[PDB]
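# Tertiary structure, described
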Amino acid sequence: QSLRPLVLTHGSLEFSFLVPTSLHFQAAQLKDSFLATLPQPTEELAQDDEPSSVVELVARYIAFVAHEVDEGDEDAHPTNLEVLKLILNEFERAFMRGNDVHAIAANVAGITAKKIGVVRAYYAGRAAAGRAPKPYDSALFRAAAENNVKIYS
Amino acid sequence: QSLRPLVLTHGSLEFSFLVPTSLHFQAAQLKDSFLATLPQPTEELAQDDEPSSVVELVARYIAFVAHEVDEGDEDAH
Amino acid sequence: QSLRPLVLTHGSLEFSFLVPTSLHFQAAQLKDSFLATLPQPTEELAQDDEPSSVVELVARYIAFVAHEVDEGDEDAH
Amino acid sequence: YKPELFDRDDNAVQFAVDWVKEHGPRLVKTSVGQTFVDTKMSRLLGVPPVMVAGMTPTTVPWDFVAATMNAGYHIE
């Protein structure tokens, strides 16, 4: 319906987004000064403290926005929130697939630091849109409470 | 009435368009990824397999759109 | 209410604006071809016949628009 | 690490092996009712997990090797 294509480009990796028409320029602003946050793009996957994959494009973006939601600019209060909720949706949608951020972050660039980077970026937009964690237990604690595993602390 | 100016720019040639307000961003999208379809603009009229005039700006654009109408994307029918 | 953030950027100086939603793209157009009116930005305050501060960003912009109001384009009165 | 306490999906939990379990000796019988000790070795080879190792002087002659093989055992 009210839809406006948005791209996230860096080196070899880009992402496709579908914004409400109203919210398309609020998300253009972030996308813009956010690609300035990024350094000189490598067409490889090695620049340290910079995106390796497309799961990091969204992760690094989600946090970029949540910083300006919670902090500073009061001119764009409702617009930040909408921009957030959409990215958090597109994320839990494609990238997370209804699984935890950790097990999904655990599958990115071999660089240990970056995998943590994805996780803090999510719980940054998770809290900045007020979304509480939903009460799931893990496959571990299921089979734990079902006496397949015998967990100790 | 419901009107929104749209430009088509390449090198020395550009075109002026008047869109309904509703349809102005659907035509902005095509205009955008279409000027990426175009190579590095010459300020002359010679780059082979690329626009010489403004009749070609519209021509090359009309086909760029009709490809995504008939084929692929069903989100924006 | 009906509000859309607009920025005016040149070198070290930028300005923040709050447009009605309807009027946000009309002011985007001016902002755009107006930053083309400006030369290659100095990160200092000395380029002659070009903005030193943010009071000049608005001043130079106000006149840029008033030229297209009074003169020429009747499509966007 | 951390992600294994929160992993949602199936077969997300792994169990550290037991050597007694994983690699424990066993017994099995055939359709023609032989009985083998069930080890990785015997199963691999297809014969009892007791084996006469290669030994130059004594394990060279083609007799003793063929004989020890006719006895259904692994020799080198």
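For the structure given in this document, a descriptive report is provided here. (Residues numbered from 1 in each chain as written, not as in the entry; some residues may be left out. Chains lettered and ligands numbered in written order. Part of a larger assembly, values for the part shown. Heavy atoms only, no water.)

### Overview of the overall build of chain D
Broken down by element type, chain D carries four helices and four strands. Helices and strands in chain D line up, N terminus first, as α-β-β-α-β-α-α-β. The C-alpha radius of gyration of chain D comes to 21 Å, more than 25% above the 11 Å expected for a compact globule of 76 residues. Across its three principal directions, the C-alpha atoms of chain D cover 65 × 35 × 20 Å. For chain D, the residues scored as buried account for 16% of the 76 residues in total. Taking contacts inside chain D between residues at least 6 apart in sequence as the whole, the part at least 24 apart equals 16%. Approximately 6,500 Å² of chain D is accessible, and the part contributed by carbon and sulfur atoms is 62%. (Helix = DSSP H or I, 4+ residues; strand = E, 2+ residues; numbered from the N terminus. Rg over C-alpha atoms; globule rule 2.2 N^0.38 Å. Buried < 20%, exposed > 50% of the residue type's maximum accessible area, 1.4 Å probe, protein only. Contact = heavy atoms within 4.5 Å. Areas by Shrake-Rupley, 256 points an atom, 1.4 Å probe, with all protein chains shown as cover.)

### What to know about the pairing of strand β2 (residues 13-19) of chain B
Residue and element names in this part refer to chain B. Here seven bridges tie strand β1 (residues 4-10) to β2, and the two strands are oriented antiparallel to one another. Within the sheet, the bridge partner assigned to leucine 6 lies in β2 and is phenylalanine 17. If you look at the hairpin formed by β1 and β2, you'll find two residues sitting between the two strands, and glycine 11 has a positive phi there, around 45°. (Pairing = 2+ DSSP bridges.)

### Notes on helix α2 (residues 55-70) of chain A
Residues and elements named next belong to chain A. Taking 1.5 Å of rise per residue, 16 residues should cover 22 Å, and α2 covers 23 Å from first to last C-alpha, within 8% of that figure. The set of residues buried in α2 consists of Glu56, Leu57, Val58, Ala59, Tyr61, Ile62, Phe64, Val65, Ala66 and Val69. At its buried positions, α2 is contacted by β1 (4-10), β2 (13-19), α1 (24-37), α3 (77-96) and α5 (112-125). Where α2 ends, the next residue or the one after it, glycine 72, has phi of about 65°, a positive value. (Expected span 1.5 Å × (residues − 1).)

### Digging into the layout of surface pockets
In this structure, the second largest pocket occupies an estimated 580 Å³ of space. Contributing to the lining of the second largest pocket are 20 residues, with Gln29 and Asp73 of chain A together with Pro5, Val7 and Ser16 of chain C lying nearest its centre. Mapped onto the lining of the second largest pocket, the elements with two or more residues apiece are α1 and α2 of chain A together with β1 (4-10) and β2 (13-19) of chain C. The element contributing the most residues to the lining of the second largest pocket is α1 of chain A, with five residues. Taken together, the residues that form the lining of the second largest pocket break down as eight nonpolar, six polar and six charged. (1 Å grid on protein atoms, 1.4 Å probe; cavity = no way out; pocket = protein on both sides within 12 Å on 5 of 7 lines; lining within 4 Å. Points joined across faces, edges and corners; volume = space filled by probe spheres on them. Nonpolar A, V, L, I, M, F, W, Y, C, P; charged D, E, K, R; others polar.)

### Notes on the packing of α2 of chain A against α3 of chain A
Residue and element names in this part refer to chain A. Running from N to C, α2 and α3 point in directions that differ by 155°, and their axes come no closer than 10 Å. Regarding the angle of α2 to α3, the classification is roughly antiparallel. In this structure, α2 crosses over α3, and the sense of that crossing is left-handed. Of the residues in α3, those in contact with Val55, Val58, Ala59, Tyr61, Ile62, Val65, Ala66, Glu68 and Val69 of α2 are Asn80, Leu81, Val83, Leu84, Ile87, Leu88, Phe91 and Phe95. Each residue belonging to the contact of α2 with α3 can be placed in one class, and the counts come to 15 nonpolar, one polar and one charged. (Axes fitted to C-alpha atoms, helices over the stretch in contact; angles between N-to-C directions. Parallel < 35°, antiparallel > 145°, perpendicular 65-115°, else oblique. Left-handed = near helix turned anticlockwise from the far one by under 90°.)

### Description of helix α2 (residues 55-70) of chain B
All names here are of chain B. Helix length check: α2 (16 residues) gives 23 Å between terminal C-alpha atoms against 22 Å at 1.5 Å per residue, within 8%. What α2 keeps buried is the set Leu57, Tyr61 and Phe64. In a view along the axis of α2, the buried residues occupy a sector of 60°, so they form one face of it. Of the exposed residues in α2, those oriented more than 90 degrees away from the buried face are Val55, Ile62 and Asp70. Elements that come into contact with the buried residues of α2 comprise β1, β2 and α1 (24-34). Just beyond α2, the residue with positive phi is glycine 72, at close to 60°. (Arc of directions from axis to C-beta.)

### A word on the pattern of salt bridges
Inspection of the entire model under this criterion finds twelve salt bridges over all chains. For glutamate 90 of chain A, the salt bridge goes to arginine 93 of chain A, with nearest N and O atoms at 3.7 Å. Here the residue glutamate 90 of chain A and the residue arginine 93 of chain A both occupy positions in helix α3, the gap between them amounting to three residues, near one helical turn. Between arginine 60 of chain C and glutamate 56 of chain C there is a salt bridge; the shortest N-O distance is 3.1 Å. Residue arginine 60 of chain C and its partner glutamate 56 of chain C are both found in helix α2 (residues 55-70); the two are separated by four residues, about one turn of the helix. Within the structure, one salt-bridge network assembled from shared partners comprises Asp49, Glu50, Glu56 and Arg60 of chain A. (Salt bridge = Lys/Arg side-chain N within 4 Å of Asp/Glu carboxyl O.)

### Considerations on the nonpolar core
Residues and elements named next belong to chain A. Counting residues in hydrophobic clusters, the biggest one holds 36 residues, and the most contacted among them are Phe17, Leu30, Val58, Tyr61, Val65, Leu84 and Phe91. At the level of elements, β1, β2, α1, α2, α3, α4 (101-105) and α5 are the ones that each hand at least two residues to this core. Broken down by element, the residue count for this core peaks at nine residues, all from α2. With near-sequence residues (within four places) excluded, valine 65 lies in contact with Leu30, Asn80, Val83 and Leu84. (Core = buried A, V, L, I, M, F, W, Y, C linked by side-chain atoms within 4.5 Å.)

### A short note on the pairing of β1 of chain A
Residue and element names in this part refer to chain A. Here β1 shows a clear split, with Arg4, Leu6, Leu8 and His10 buried on one side and none of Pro5, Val7 and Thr9 buried on the other. Sheet topology places β1 next to β2; seven bridges connect them, and they run antiparallel. When the sheet's bridge partners are listed, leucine 6 is paired in β2 with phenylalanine 17. Between the end of β1 and the start of β2, which pair antiparallel, lie two residues, with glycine 11 showing a positive phi angle near 45°.

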